[PDB]
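**Student:** Protein chains in written order, with the entry's author numbering: chain B, 3 to 355; chain C, 3 to 355; chain E, 3 to 355; chain J, 3 to 355; chain I, 3 to 355. Cβ coordinates follow ideal geometry from the N, Cα and C atoms, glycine included.
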Amino acid sequence: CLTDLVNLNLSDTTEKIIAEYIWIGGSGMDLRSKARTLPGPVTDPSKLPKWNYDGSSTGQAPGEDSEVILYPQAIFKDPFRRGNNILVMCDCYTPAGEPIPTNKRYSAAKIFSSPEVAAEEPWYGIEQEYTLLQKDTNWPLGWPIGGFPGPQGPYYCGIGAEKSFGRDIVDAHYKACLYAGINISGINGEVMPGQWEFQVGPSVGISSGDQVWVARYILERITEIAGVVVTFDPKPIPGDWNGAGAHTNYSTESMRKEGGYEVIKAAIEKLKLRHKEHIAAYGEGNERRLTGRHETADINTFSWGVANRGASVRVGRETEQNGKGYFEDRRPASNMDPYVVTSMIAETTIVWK
Amino acid sequence: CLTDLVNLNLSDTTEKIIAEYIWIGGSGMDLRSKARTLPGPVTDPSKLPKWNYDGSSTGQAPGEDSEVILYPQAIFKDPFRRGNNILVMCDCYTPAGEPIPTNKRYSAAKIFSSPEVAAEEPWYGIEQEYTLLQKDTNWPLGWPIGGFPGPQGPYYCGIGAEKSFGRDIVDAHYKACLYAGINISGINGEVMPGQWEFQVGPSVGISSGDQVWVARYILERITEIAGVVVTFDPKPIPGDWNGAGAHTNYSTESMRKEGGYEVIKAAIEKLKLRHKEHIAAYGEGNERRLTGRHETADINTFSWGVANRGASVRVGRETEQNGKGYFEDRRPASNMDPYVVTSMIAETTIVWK
Amino acid sequence: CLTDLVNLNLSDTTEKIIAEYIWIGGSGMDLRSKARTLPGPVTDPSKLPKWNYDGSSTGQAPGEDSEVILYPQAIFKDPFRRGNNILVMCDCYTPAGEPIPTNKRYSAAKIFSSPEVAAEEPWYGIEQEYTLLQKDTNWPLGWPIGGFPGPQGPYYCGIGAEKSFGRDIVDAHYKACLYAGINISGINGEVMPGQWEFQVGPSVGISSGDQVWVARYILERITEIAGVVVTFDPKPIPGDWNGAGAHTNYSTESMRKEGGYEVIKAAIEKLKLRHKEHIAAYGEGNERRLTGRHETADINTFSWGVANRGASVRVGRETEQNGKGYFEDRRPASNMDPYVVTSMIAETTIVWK
Amino acid sequence: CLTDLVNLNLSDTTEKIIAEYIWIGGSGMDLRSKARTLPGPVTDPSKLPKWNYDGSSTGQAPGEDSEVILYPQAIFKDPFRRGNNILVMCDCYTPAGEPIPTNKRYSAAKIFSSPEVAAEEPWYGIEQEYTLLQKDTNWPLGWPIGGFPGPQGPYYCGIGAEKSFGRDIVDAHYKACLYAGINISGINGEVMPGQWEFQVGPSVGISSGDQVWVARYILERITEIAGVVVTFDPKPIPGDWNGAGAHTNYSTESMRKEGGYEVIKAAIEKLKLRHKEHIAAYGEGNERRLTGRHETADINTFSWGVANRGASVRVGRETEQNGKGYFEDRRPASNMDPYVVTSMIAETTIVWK
Amino acid sequence: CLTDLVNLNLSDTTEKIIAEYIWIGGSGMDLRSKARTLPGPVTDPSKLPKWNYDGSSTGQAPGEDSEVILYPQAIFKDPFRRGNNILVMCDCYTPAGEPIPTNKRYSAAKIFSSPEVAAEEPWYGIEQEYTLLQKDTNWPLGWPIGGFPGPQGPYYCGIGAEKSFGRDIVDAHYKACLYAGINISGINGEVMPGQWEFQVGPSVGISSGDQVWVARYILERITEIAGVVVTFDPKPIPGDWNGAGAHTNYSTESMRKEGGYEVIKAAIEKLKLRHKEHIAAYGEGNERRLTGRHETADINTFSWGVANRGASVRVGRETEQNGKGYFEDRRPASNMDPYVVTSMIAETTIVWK
Ligand SMILES: Nc1ncnc2c1ncn2C1O[C@H](COP(=O)(O)OP(=O)(O)NP(=O)(O)O)[C@@H](O)[C@H]1O
Ligand SMILES: Nc1ncnc2c1ncn2C1O[C@H](COP(=O)(O)OP(=O)(O)NP(=O)(O)O)[C@@H](O)[C@H]1O
Ligand SMILES: Nc1ncnc2c1ncn2C1O[C@H](COP(=O)(O)OP(=O)(O)NP(=O)(O)O)[C@@H](O)[C@H]1O
Ligand SMILES: Nc1ncnc2c1ncn2C1O[C@H](COP(=O)(O)OP(=O)(O)NP(=O)(O)O)[C@@H](O)[C@H]1O
Ligand SMILES: Nc1ncnc2c1ncn2C1O[C@H](COP(=O)(O)OP(=O)(O)NP(=O)(O)O)[C@@H](O)[C@H]1O
Ligand SMILES: C[S@](=N)(=O)CC[C@H](N)C(=O)O
Ligand SMILES: C[S@](=N)(=O)CC[C@H](N)C(=O)O
Ligand SMILES: C[S@](=N)(=O)CC[C@H](N)C(=O)O
Ligand SMILES: C[S@](=N)(=O)CC[C@H](N)C(=O)O
Ligand SMILES: C[S@](=N)(=O)CC[C@H](N)C(=O)O
Ligand SMILES: [Mn+2]
Ligand SMILES: [Mn+2]
Ligand SMILES: [Mn+2]
Ligand SMILES: [Mn+2]
Ligand SMILES: [Mn+2]
Ligand SMILES: [Mn+2]
Ligand SMILES: [Mn+2]
Ligand SMILES: [Mn+2]
Ligand SMILES: [Mn+2]
Ligand SMILES: [Mn+2]
Ligand SMILES: [Mn+2]
Ligand SMILES: [Mn+2]
Ligand SMILES: [Mn+2]
Ligand SMILES: [Mn+2]
Ligand SMILES: [Mn+2]
């Protein structure tokens, strides 16, 4: 019957391809997509046609001048439609060729193009945390309605029906992402029951932001299948339960070479000065998360330590002892725009003095 | 839809591998795991990177010094993720290289390294019993809520919908373990309805403890899928129902060779003297199990017989008549740490006088 | 998820094998099994190890002398575990090598070994009837609770959702048995709604008993999957509903050769004389079945006819007209031990005068 | 239909009466009752017939000598049967006239008979706490199954559907008790959601124990109607939730007269010396309750303060400022026998030196 | 059965009375009560005993100094317990006789005692709006879960099953209050489906605050019976749905006499100057309600008109045309403390210049 049709192999019948054009919508936090048929397979982003959508239905243009243009930027294999079908990550422009206010990729692209950044060859691994919720009631997966599970403790990395809610979704997403070609580096159960993580493994410049959005798209499409809701809300349940962040790990050419640990301290130092204006772009709602409790640092203070999860920045035991590595900015909230955060770290770290 | 993604074959798309790093957490009875992407297949434990986790969320380190280090010790095939993906059993260390208080494998490794033990080449077959429970109500599987099934009798090794609860889970685990490469030697329905057994077949020294933990990991992960809870609690329901033990069967080089039956009696003799201090490590809650009824021996007396299930140690009809074999220490409870019990039998049996 | 693991092909991964050792327990009507791993495939019964079980949990030995020994007698392919895995039918012995009181195969083995029996080469086809029940309520499958279906008539060999309850189970069992290598000759819907039949086709001497037990094992294991209960109770519902019997068909070398119909009458004649002592072994509860109504003969009278289903023995139209064939002893109840009935017919028929 | 019969007025039809004889059973914590028809109304306990019950079904006598005798001690009006029908509180004796081991009223009666006690005229007000549970799952009323409500805080004396579970029962019991003639002094919602209190107001000597038992009888009979379970277990849920005590408030003639506050301290002083042996009779399971947290004092220390709920004994602000009053022994657990606790306080306080 | 006991008439049996002492707790927004038995009826507040509660469980005192004292201030008939039983509204004091920080009645009592205020004889009518919610899901009554009803419009003062949710509760509360003796002036369905109103009719000085609290207590106790939740939250659902306010109508001796309309303008004028510091006490969350839309005035502007529901203060058509009357301060939110608002209007209106 129904999954027989969803999983039809089109390769046996024509050469035609399905391309799913993904973009970011008016809120800057809402993913949108639609699909077109293309005459044959494509591997190069710049050999795909540009397209348009109804900007008036995503809060990005008026009705009388409704067209917004889609620039194909990255191609990944579609894990849902399979065969030769593709997901295409997109950029948003007016018909005049201006990037619209909600296109944060443009500005970020410029920074990673800029030659003294590109030469430093920045690397990001970003750890996406998220919470799963029951549809309609909007209460965390596996929690009883109008009630709570046992207190935090057994949940982090746990196993068992009483401890681990929705591995299904998680394990599915992991494979999906790998197949798609997203550089996904790992997953893990998080502290708060119903909370989970994936990390998009060391990825260079713009492609980090690109991957992280497409990873999010795949996540939510998977939840959709499961009849479950995701939030990227930084602190979804108030009280004695963990919030969710998008820890960004970072390194430059000079940082992973000999005596990079001095360049690390130097970088952290710059970050301290601009804490104020980084917090401002590190995602909204963050005040509710960064409280100094629950493995976060207070929004108002800046700090850094070695194995310290109470800090604003953390530098692994391993990269300290090796005099070379990366550091982890724990400040960005789960609803961070990776384009914004990713480039603004490279900016406050290389260009500015 | 959803199982189509969980069961994707990655072999068709990249060389990459998923490694699921397993460890033991702060309670010493709670398994934890998380997963990372590795660039290609691996068969040798010492060719896998060491890793870390958040010790502060497993009750094994403070927040300000949170890192705990993972030493890959054994590799098995992942029966869930399949293809070339692996489970990796692990060991727990401070960044300074000290084994943390809860790492009972280190001490046990030392004893099986020690040359007069290694030479005796000890063999353990351990019989894990466990009980299956309904999620939330926490009442045994196939029992009616706030009520009991018929009295014990038809359940041991039984068959039929009224006698045999959750064979699904059991049969699955058997194959999983075998596929994984765990030396699993057999299974059986236990005396108490909803109680089951598997034996991790004759395995040498450290690898016994390693296999038994990974087998337990796989059991619980399977129950997770079924939406059922496991306990290793030695006596889960009070009254006229069997408890659960982790009988350890044991033999040395000299015990399975000609006239080993004398070395057996000699061993049992030593064991009687140290009963007090063995009971102390044979798992907590045991007082509720070892009552002398229900095929156990009273906690306070030590005994041993031939075909005697009422005894503290038992020696099979078969190994008596053959003047060579193994004996069965029935004392350890189902929530025994096999590292502790497995090495402490070799210790009280070979080294001490 | 779960059936992916139950159905794993182990052939791709090791040579190892799962052997499911089946025996008969304390009541003489309760099947029991457990499984062990064996190092490679096996086709010869006498190349399988002997094993033991806990006789104290099946009511076959005391706790202090608990071991009972298992002698591998027949091998069949496991239809559940598939691949190279096997079911092993067993025999029950004390550690001294005595057959325990409940081992009726030993005695029957002796009779079919005895040379003037073996030479007559006896043949049994036995027709197992059985009734399917809802779990917990214990009321016949497809019957409304605390109520009855339409009166008997449309059910025998019927088809359709209102007439035919649990064909699923039946059809499954048929293939299962065939695959296993049981000589199964046919199946049919019985007269009472929810009642069914299979026949273990012409099988020689001991192997008849052996097959019929293993057929029953496979039946119940299948109902277990379906969450349904079986009874072999000869009259499960009182009143105007059919009971269940285990009709034994029988023939010797001389009976199927020319003018065997005289040897048949001669046999029937002997059977009439020992009706009293045959009824005594033809299974308990039989008084409730054999009432002279519902295609049975009264327990107290012995009779025989040609196409007569009201008779104690029946001789087909076909084997009458051919002067050679078999006859059908309709007296054994569905909970008959085939070892006892099968050998005792050969005994009262050949040896005794 | 059914409540029309339960509530029939018998006064319109005969003079006859129903007496419900209540006693305490073998565990010393289980109430039992049965009813007899008496020819007319009765107000004097000593004009009621003595009766017997089956001591062998309450664990209080062997089968061959099964009779145990019931002595009517107190009469109350039956709030369930209403009209002229009565509850009768009872005392338990052998046919020889010996009080059986589980009759703690006999001993307590002697102490309140004793003239130097009777003259001091002791007064007890006892505050019974208890917890209401869902039938079968045995989880607290208003809690979600396998989960918890919001943390403690809004529940104590609260109102509202989300805060206040089973007022129905509580309010019913209150009126019931008053109607019955139990001197009930007040009720209140307790700290732990689903936990409640009533106080049996200042009552003299023996009649305190008598009223508290009949009060408990009425409580449970009311829950029975509601299909809800009661526990008097001192700490029914482990962790961060209140236990349940039976605070006993106490005063003597001299304590409520001028400068009784000196006699109070003097009494407290004596109580400190016998803390050890009082804890031994203050009900079993108490170790789990008295932890020093949750408004209790640690089992091992004795303390006392003025407005201090963390203490072993507490003396109200009001009775300090007035130089005369009562004090509150907070040590007895909810499953205290009031006969034992009530007399033993008068004993350690008046007779002993 | 159960409502037979809840509704027992105690008047037939003793003279005793149940008094339900009501107070306000630690949040200043949470009502608490408990009940005591009193020896006979009472009509005069100052003939009731003072009482205490556990301040440590309402967040009003530490554990070691836990006692807080209850001053009976007003008596009403208990509509739940009926007969001669009473609700007692209370005041909160330390044992030293200080009013605790959360006792806003003390300060308000002083202001209405003050002779130039008492002489002006102030009158309040306060209109309590509130929203009804489903237990556990916490979604408005009669709304579908994770969805909305038809847009606002048919709901205000409506009738019918699709328009009018929980009239049951409202109508019941109306009678309850009247019976109790609360001067309740009227009720009405509010604009937002599931939202309701009652007005506590012209009441003088302190007794306004007293009645409004007791009214709220009765409301929530009724919802408790219905298994429904109340919120006094000023804007319980975001978006295009009405918030809830506690409009205070107000008049002085001089304002309802000839040419009071000048004293009204004069009063309004004073209120405009102190708008800033009135908003500060008019209840928390108010920023979310007072938006200028949905019949409110913006928090930051002060305004007033005649028939104007968009204004901060409104003066009826009727009292304008009569040159004498009252005005309506629409600024206070539904979670207003009437003690605070009620006195502070009298203060900013009479005493201050
Ligand atoms: N040289 C590098 N520069 C920047 N990021 C890197 C580098 N090497 C690795 N990363 C990674 O960025 C990541 C950080 O991984 P993670 O496994 O989440 O540890 P974590 O900081 O302990 N997280 P958490 O428990 O969520 O607080 C992964 O994608 C790593 O692959
Ligand atoms: N030489 C040996 N030394 C130690 N253990 C062995 C040896 N040979 C076999 N074992 C085994 O250890 C096991 C014991 O199996 P098992 O039959 O379940 O014990 P049991 O006494 O029968 N059980 P129970 O029903 O739990 O009381 C399996 O792994 C056997 O393979
Ligand atoms: N020579 C033979 N000796 C013994 N049994 C035989 C012989 N030939 C055939 N059988 C059979 O034994 C069987 C008897 O089958 P069956 O047809 O079910 O009995 P029935 O009288 O026909 N029917 P019922 O009304 O269902 O009780 C099958 O295995 C037949 O193949
Ligand atoms: N002279 C007295 N001697 C003994 N008990 C008395 C005396 N006078 C009153 N009591 C009382 O004993 C009681 C104690 O009631 P209670 O209201 O619960 O005080 P509490 O210590 O505040 N309780 P809690 O919240 O459980 O800690 C009632 O029956 C009081 O009437
Ligand atoms: N002199 C007065 N001083 C104060 N309040 C008064 C006075 N006279 C009457 N009230 C009243 O205070 C009230 C205000 O009630 P209400 O009739 O609902 O006003 P409303 O402005 O129509 N309501 P709304 O739809 O909520 O905006 C009632 O109790 C009136 O009887
Ligand atoms: C557990 S952790 N990921 O190491 C700490 C992160 C945490 N979930 C947070 O962002 O608040
Ligand atoms: C039946 S048995 N496995 O021989 C005895 C083991 C039993 N379940 C126990 O109490 O340990
Ligand atoms: C229909 S039939 N198989 O010929 C008769 C068998 C019947 N159920 C019996 O109990 O003998
Ligand atoms: C409010 S209270 N009765 O003072 C608290 C007492 C608590 N339930 C106890 O464990 O004794
Ligand atoms: C009908 S009405 N009271 O004028 C509307 C008032 C509205 N519920 C408010 O936000 O105050
Ligand atoms: Mn991480
Ligand atoms: Mn994390
Ligand atoms: Mn991190
Ligand atoms: Mn075993
Ligand atoms: Mn076992
Ligand atoms: Mn064993
Ligand atoms: Mn047949
Ligand atoms: Mn048949
Ligand atoms: Mn037949
Ligand atoms: Mn109290
Ligand atoms: Mn209390
Ligand atoms: Mn108390
Ligand atoms: Mn109004
Ligand atoms: Mn209104
Ligand atoms: Mn109004």
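If we define contact as Cβ-Cβ less than 8 Å, is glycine 196 of chain C a contact residue for chain B?
**Tutor:** no
**Student:** Is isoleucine 71 of chain B helix, strand or coil by DSSP?
**Tutor:** strand
**Student:** Can you name, in chain order, every residue of its own chain whose Cβ lies under 6 Å from the Cβ of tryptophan 243 of chain E, other than the five neighbours on each side?
**Tutor:** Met194
**Student:** Check whether the segment 48 to 65 of chain E touches the segment 19 to 33 of chain E, counting contact only when three or more Cβ pairs, one atom from each stretch, lie closer than 8 Å.
**Tutor:** yes
**Student:** Nearest chain E C-beta to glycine 307 of chain C closer than 8 Å, yes or no?
**Tutor:** True, the Cβ-Cβ gap to chain E drops below 8 Å.
**Student:** Below 8 Å on the Cβ atoms is my contact criterion, and I expect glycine 287 of chain B with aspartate 235 of chain B to pass it. Report the Cβ-Cβ distance as a whole number of Å.
**Tutor:** Between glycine 287 of chain B and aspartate 235 of chain B the beta-carbon gap is near 6 Å, inside 8 Å, which marks them as a contact.
**Student:** Is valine 308 of chain C closer than 8 Å to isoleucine 266 of chain C when the C-beta atoms are compared?
**Tutor:** no
**Student:** May I ask you to report which of helix, strand or coil DSSP gives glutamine 154 of chain C?
**Tutor:** In the structure shown, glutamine 154 of chain C adopts coil according to DSSP, grouped into three states.
**Student:** Under a Cβ-count criterion, where at least 16 other Cβ atoms within 10 Å of its own Cβ denotes burial, should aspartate 14 of chain B be classed as buried or exposed?
**Tutor:** Looking at its Cβ environment, which holds fewer than 16 other Cβ atoms inside 10 Å, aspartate 14 of chain B is exposed.
**Student:** When the Cα of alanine 335 of chain I is compared with those of I:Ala174, I:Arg258, I:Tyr132, which residue comes out closest?
**Tutor:** I:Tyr132
**Student:** Is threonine 350 of chain C close to chain J, meaning its C-beta is less than 8 Å from at least one C-beta of that chain?
**Tutor:** no
**Student:** Flag this pair as yes or no: are the beta carbons of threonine 254 of chain I and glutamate 100 of chain I separated by less than 8 Å?
**Tutor:** Cβ atoms of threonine 254 of chain I and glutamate 100 of chain I: not closer than 8 Å.
**Student:** Put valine 308 of chain J into one of helix, strand or coil per three-state DSSP.
**Tutor:** Taken through DSSP and simplified to helix, strand or coil, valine 308 of chain J comes out as coil.
**Student:** Which same chain residues end up closer than 8 Å to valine 230 of chain I when comparing Cβ atoms and leaving out the 5 residues on each side of it in sequence?
**Tutor:** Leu134, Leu135, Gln136, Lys137, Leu143, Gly168, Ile171
**Student:** What residues from chain B crowd round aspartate 138 of chain I, counting only those whose CB sits closer than 7 Å?
**Tutor:** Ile147, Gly148
**Student:** Find out if the Cβ-Cβ distance for the pair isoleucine 71 of chain J, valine 44 of chain J is shorter than 8 Å.
**Tutor:** Not closer than 8 Å, so no.
**Student:** How many angstroms separate the CA atom of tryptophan 215 of chain E from the CA atom of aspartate 56 of chain E?
**Tutor:** Whole-angstrom Cα-Cα distance: 21 Å.
**Student:** Identify the residues that DSSP records as bridge partners of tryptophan 125 of chain B: which are they?
**Tutor:** Bridge partners of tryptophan 125 of chain B: B:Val206, B:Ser253.
**Student:** Bridge partners for residue 362 of chain J per DSSP, in chain order?
**Tutor:** For residue 362 of chain J there is no data in the structure shown, the boundaries of chain J being 3 and 355.
**Student:** Please list the partners that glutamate 164 of chain C has in chain E, where partner means a Cβ-to-Cβ separation under 7 Å.
**Tutor:** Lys137, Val231
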